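S.K.: Dropping a structure here in structure tokens format, bear with me for questions.
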RNA sequence: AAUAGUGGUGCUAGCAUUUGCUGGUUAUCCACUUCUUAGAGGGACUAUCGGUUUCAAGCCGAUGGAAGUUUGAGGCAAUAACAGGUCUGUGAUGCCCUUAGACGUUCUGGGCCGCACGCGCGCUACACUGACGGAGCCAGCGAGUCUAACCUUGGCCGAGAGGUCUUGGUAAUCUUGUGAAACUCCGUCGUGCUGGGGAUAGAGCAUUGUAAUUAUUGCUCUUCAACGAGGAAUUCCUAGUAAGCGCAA
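Residue numbers (PDB author numbering), protein chains in the order written: chain U, 19 to 121; chain d, 20 to 56; chain P, 16 to 142; chain S, 2 to 136; chain T, 2 to 144; chain Z, 42 to 104.
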């Protein structure tokens, strides 16, 4: 019966809109109070490294990339409602977290 | 450390992975780095 | 006579105000660390010291010599044994005070031009 | 501003310890013509002199040429800090002084010749540089 | 017919204000104002012999006007120059702190700017009824 | 050091078309601040009909 | 959409005041998505008219349009003699001493670091479209602390350099609006190798580690020395492009 907050920061964007849909699905079949999935600015990683094992040759480089997407939802529910549904929305590559911060 | 492929120099100290860069191009796939641009 | 002081201030002044009459690096390199095994020359400098007539030879021990400050406890002593290959012949002259013990040994022979008649390099080339 | 017309009385040659000054310039630029004193040093002493900061040689009071070396020869007497000096904590006497034009060469050779020949208090491998490659 | 601080000149408004402060003389002016310049990057103590100490102290009040708070690190990273290094390329200036530490404390004695609970020194109703009122005294300089 | 800053300027001002620092440095004794203070005195004298002025330069003509 | 923002209602300070223009902050509360961020879609095809051509592929104008140079920029794509492709590649070479090893370490000074010329790809110039001094004051993509010292703001002392007391930040929240520089006004300066240009230097105070001499770097004051646009020659950089100006990893 406490306001909670869930985060999920994954790297397969197709496998994050199935999870964020079924989160808001079973909450709205029980019709709790909620606020929509707020989508944060994504983070990209990069490292320039030149493309030769030895050093003998012409010079330009590579650039590698890795994309991290992160979005989070706030929620309030009785604890018996939420403690079951957070255990049936598992999927590989996906991270789930629960925050009950009510300072 | 000197990891493998005749390298103790040019290590990638960033992002806490510590790989010799000769042996990064063949391992950058399965880490999950990919080139796009 | 650094500060206009008596230049015979040899045993009367300790190592502490020795640092006070000195520039800033050893004015930091004084509590820089309480050395024990690198304080092993001083336990062996007194093992052979001042038991001689005028003008002596100390008991040098193989060290890494180049790094310590000069002590007032020196007269003419020919410090330096083998500690590697580049030899460190360190005689004491008489009392020229406030310095490292490193600035005496062989580090580079000052050889002039062998065939340096191309002084640095060429000009823009043309044949 | 205005037209002030003085009767010349301007000295192409000055006499401040063998320094002959073309004094048709600003007086802080006049002192910089001597050695050992620059515009980072001469800046405050004319501000210590409490005069106009635009004058030429033809309008200077005659006591002030005595005054400017008097503040110079008594540097720490009239609030000059330690970081406003050239020669500081000497190896021979430990005191702190500044230098005029014709004596920067004093405390120069004798202080280098000990590092040149005598293998001095620090100069034993600082012993060939101004001797073999830069003599 | 009533103005804020925001609708006057920028350079000229300081000049008329500091000249009034030149008539005031109620400033702890330390002894070393002749020697110490503004930063390390500048080459010379300024061509102003006197009023520069009135100049910086006026404009620091002018900058806390629109702002919420000012510490000391901000006006260090403020003061309009480029560090020369000689033959090496340039770098940004950073300003000295002792000449700013006291002149921020030199306005608490006259009821202008004081410490916020958030952690910076800001104007309150002391200046907000007087510093604007003497900024309202600059409206006579508009004609 | 009394007449050269007294007759060619206090009498022979209105002879030209306009006035800038170019005409005043035609004497090799009138330096930069000396030429600068000339108009700085003459603006008080009212002969200058000003057109535009800023810190790098002015545009001044005579009466 | 309190990890973005405005719009009110307020507590609340100025207020010329008099209706008013600037503030006020946790939570004073409510209502909002235009700007912001990220998912889902849409939109441009050389469209439509006028020329031109074997009337063909197309190329030139035109008006519309966020966009009409493959719309701007990249990534990705195998024929070949460089016996440089070697990681516990093995050569899947039999002599390298290949077993008191001349392959390890700790434990040692000396590797790129010695006078009189460079083809080393611009760096700081040679100045009034300039220096110096006062002000005015604007950004983008990236980064970060637990078995542990990373970011660092106030209050601190001091001229910097720094030192001390605190916090804040596992990340749109904190550093950070990263108040960057050129440029911008107001001045001082006066064309001389002068205040342009600081190249070798001596005196000093600091920090980082086991240790800075042969200056590891940084702030003081001094000294100001080649250097007046460059002979013959010859260039990584394409319309928000060439050039300046950055000071983020």
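Every residue gets a Cβ at the ideal spot worked out from N, C-alpha and C, and that includes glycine.
1) Hey, quick one: how far does the alpha helix (DSSP H) through residue 81 of chain T stretch, first residue to last?
2) Just confirm the distance between the C-beta atoms of residue 79 of chain U and residue 64 of chain U, as a whole number of angstroms; I'd bet it's less than 8 Å.
3) Between which two residues does the alpha helix (DSSP H) carrying residue 39 of chain U extend?
4) Have a look at S:17, S:21, S:25 and flag the residue whose alpha-carbon is nearest the alpha-carbon of residue 11 of chain S.
5) Kindly indicate which three-state DSSP category residue 11 of chain P falls into: helix, strand or coil?
6) Put residue 26 of chain U into one of helix, strand or coil per three-state DSSP.
7) So that I know if they touch, is there some Cβ in chain S lying closer than 8 Å to that of residue 46 of chain Z?
8) Going by DSSP in three states, residue 40 of chain T sits in which element: helix, strand or coil?
9) In three-state DSSP terms, what is residue 27 of chain S?
10) According to DSSP, simplified to helix, strand and coil, what is residue 87 of chain U?
11) Measuring alpha carbon to alpha carbon, tell me which of T:36, T:112, T:41 ends up nearest residue 49 of chain T.
12) Taking the beta carbon of residue 83 of chain T as the centre, do at least 16 other beta carbons fall within 10 Å, making it buried, or is it exposed?
13) Between which two residues does the alpha helix (DSSP H) containing residue 77 of chain S stretch?
14) Where do the N-terminal and C-terminal ends of the alpha helix (DSSP H) with residue 41 of chain P fall, by residue?
15) Check whether the segment 131-142 of chain P and the segment 6-20 of chain S touch, using three or more Cβ-Cβ pairs below 8 Å as the test.
16) Just tell me which of P:44, P:43, P:69, P:75 has its CA closest to the CA of residue 58 of chain P.
17) Look up residue 93 of chain T in the DSSP assignment and say whether it is helix, strand or coil.
18) At the level of alpha carbons, what is the spacing between residue 10 of chain P and residue 64 of chain P?
19) Spell out a yes or no on whether the segment 115-131 of chain T and the segment 68-81 of chain T are touching, meaning 3 or more CB-CB pairs, one atom from each, closer than 8 Å.
20) If you compare alpha carbons, which of P:22, P:103, P:84, P:66 is closest to residue 77 of chain P?
21) Report back the beta-carbon spacing between residue 116 of chain U and residue 22 of chain U to the nearest angstrom; my notes put them in contact at under 8 Å.
22) Relative to the ligand FAD, is the shortest distance from any of its heavy atoms to the C-beta of residue 136 of chain T smaller than 7 Å?
23) Starting from residue 59 of chain T, trace the alpha helix (DSSP H) in both directions and tell me its first and last residue.
24) Would DSSP call residue 94 of chain S helix, strand or coil?
25) Name, going along the chain, the residues of the segment 98-127 of chain S whose beta-carbon falls closer than 7 Å to a beta-carbon of chain P.
26) Could you pull the DSSP bridge partners for residue 97 of chain P from this structure?
27) Measure how close the beta-carbons of residue 39 of chain d and residue 30 of chain d come, nearest whole angstrom, since I'm counting them as under 8 Å.
28) If you check the beta carbons only, do residue 120 of chain S and residue 80 of chain P fall under 8 Å apart?
29) For residue 57 of chain U, name the three-state secondary structure that DSSP assigns.
30) So with Cβ pairs under 8 Å, would you call residue 75 of chain Z a contact of chain S?
31) So which of d:52, d:46, d:50, d:54 has the shortest CA-CA distance to residue 24 of chain d?
32) Whole angstroms is fine: what's the gap from residue 108 of chain P's alpha carbon to residue 52 of chain P's?
33) Using the beta-carbon of each residue, which ones in chain P are nearer than 7 Å to residue 92 of chain S?
34) If you draw a straight line from the C-alpha of residue 30 of chain S to the C-alpha of residue 40 of chain S, how long is it?
35) Where residue 26 of chain P and residue 113 of chain P are concerned, what is the direct C-alpha to C-alpha distance, given to the nearest angstrom?
36) Hey, is the segment 96-113 of chain S in contact with the segment 85-96 of chain P, meaning 3+ C-beta pairs nearer than 8 Å?
M.R.: On the basis of the coordinates in this document:
1) Residue 81 of chain T -> no alpha helix (DSSP H), and no H or E assigned at all.
2) About 11 Å; that fails the 8 Å criterion.
3) Its alpha helix (DSSP H) spans residues 37-46.
4) Taking only the C-alpha atoms, the option nearest residue 11 of chain S is S:25.
5) Since the first residue shown for chain P is 16 and the last is 142, residue 11 of chain P is missing from the structure and cannot be characterised.
6) Secondary structure of residue 26 of chain U (DSSP, three-state): strand.
7) At least one chain S Cβ lies under 8 Å of residue 46 of chain Z.
8) Strand.
9) Looking at residue 27 of chain S - three-state DSSP - the assignment turns out to be coil, as it is neither helix nor strand.
10) It is coil, neither helix nor strand.
11) Of T:36, T:112, T:41, the smallest CA-CA separation from residue 49 of chain T is found for T:36.
12) Label assigned to residue 83 of chain T: exposed.
13) Note, residue 77 of chain S: premise wrong, no alpha helix (DSSP H); not H, not E.
14) Run containing residue 41 of chain P: none; DSSP gives neither H nor E here.
15) In short, these stretches do not touch, since the Cβ pair count stays below three.
16) It is P:75 whose Cα lies nearest to the Cα of residue 58 of chain P.
17) If DSSP states are grouped into helix, strand and coil, residue 93 of chain T belongs with the strands.
18) Lying outside 16 to 142, the shown extent of chain P, residue 10 of chain P is not represented and no answer is given.
19) Short answer: they touch.
20) Closest option to residue 77 of chain P, Cα to Cα, is P:103.
21) In this structure, residue 116 of chain U and residue 22 of chain U form a Cβ contact; the two beta carbons are roughly 6 Å apart against a cut-off of 8 Å.
22) The ligand content of the structure shown is nil, which means the ligand FAD is not present either.
23) 53-67 is the extent of the alpha helix (DSSP H) around residue 59 of chain T.
24) Strand at residue 94 of chain S.
25) The residues in question are 120, 121, 122, 123, 125, 126.
26) DSSP output for residue 97 of chain P lists no bridge partner at all.
27) Residue 39 of chain d to residue 30 of chain d, Cβ: 6 Å. Contact.
28) Not closer than 8 Å, so no.
29) Correct three-state label for residue 57 of chain U: strand.
30) No Cβ of chain S is located within less than 8 Å of the beta carbon of residue 75 of chain Z.
31) With distances taken between Cα atoms, residue 24 of chain d lies closest to d:46.
32) About 27 Å.
33) The contacting residues are 17.
34) Here the C-alpha atom of residue 30 of chain S lies approximately 7 Å from the C-alpha atom of residue 40 of chain S.
35) C-alpha separation (whole angstroms): 15 Å.
36) Contact fails between the segment 96-113 of chain S and the segment 85-96 of chain P, because fewer than three Cβ pairs, one in each stretch, are under 8 Å apart.
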